[PDB]
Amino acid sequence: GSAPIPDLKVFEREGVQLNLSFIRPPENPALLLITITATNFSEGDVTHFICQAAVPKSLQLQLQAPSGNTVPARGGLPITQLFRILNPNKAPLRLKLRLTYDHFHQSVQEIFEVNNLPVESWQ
């Protein structure tokens, strides 16, 4: 069984949330799996959701396709998307995200570096 690394909620705006989950498979110490999960507890759907991510060049990032681009209102089906990070040199993980989507007929563009990444995700 893999180490139990706590989830990290990284974003909340008008009922839309983004959460990170982390898995460090013991059989491959250089690998970190991050699953992003977008949820929506507001009264309006999220559409055209795209999450872009960047890591320091000391690390490698791979993005899987997301489960979808819509998060229905009132706790609808979440979007999940897998990030594969390879970090053999145990460099400090830094992660910058760019979220773009439509919500309440507004174009949303949010960009930020993720703070409070658990050290277990890279040590």
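Note that residue numbering follows the sequence shown and begins at 1.
When the two stretches 69-77 and 49-57 are set side by side, the higher mean Cα temperature factor goes to 49-57. The question of which stretch, 35-43 or 92-100, has the higher mean Cα B factor is settled in favour of 92-100. Within the selection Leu20, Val108, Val16, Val114, the deposited Cα B-factor values reach their highest point at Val114. Residue-level temperature factors show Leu63 in the highest third of its chain, judged at the C-alpha atom.
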